[PDB]
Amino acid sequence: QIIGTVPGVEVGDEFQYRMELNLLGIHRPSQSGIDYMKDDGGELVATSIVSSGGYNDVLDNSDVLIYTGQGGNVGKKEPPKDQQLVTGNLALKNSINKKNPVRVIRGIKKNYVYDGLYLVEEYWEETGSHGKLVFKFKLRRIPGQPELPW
């Protein structure tokens, strides 16, 4: 697994299945929206995220993206509960301090497009109608990359 640009993967490239992102090293998980690793000194850091309408996120053609954390049963669900600051959610949070590039794959209505590298600027806790905590991650697209239309 790598952090940042993946060789042979261009901004704007389109993919049919999630497993292609696995083979090409873009996004290893099969379902999980967030992928991560441990760096020099076992601290979780995000490497790639996928926003395909599975949660609350609505994507516009801006440079700033709001990404919802995983868990708490929101989307394909089961009774609601608090989200946890572990694994992918934790990794995205640590990526704020480490200032590492995070790949972003957007789902299109074949089905996936690589939109380039982003930086996790911050995060916070929201309390939806459930009565439970959800995480929101504010990511900004690193300037210089090719633009993509929608």
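Superpose the two forms; the largest set of C-alphas matching within 1.5 Å is the rigid core. Throughout, we count residues from 1 along the sequence that is shown.
In summary, of the stretches 27 to 35 and 57 to 65, 57 to 65 shows the greater Cα distance from the shown form in 4 other deposited structures of this protein, with structures fitted on the rigid core. Per the compared records, residue 72 is resolved in all of the other entries whose models span it, so no third of them omit it. According to the record, the deposited sequence contains 10 or more residues between residue 109 and residue 110 that were left without coordinates. Where residue 77 is followed by residue 78 in the displayed chain, the model omits 1 to 3 of the deposited residues that sit between the two. Relative to one another, 138 to 146 and 125 to 133 have unequal mean CA B-factors, and 125 to 133 is the one with the higher figure. Based on the entry's C-alpha B-factors, the most elevated value among 119, 58, 105, 34 belongs to 58. Out of 53, 29, 42, 69, it is 42 whose C-alpha atom has the highest B-factor in the PDB entry. When all modelled residues of the chain are sorted by CA temperature factor, residue 21 is found within the lowest third.
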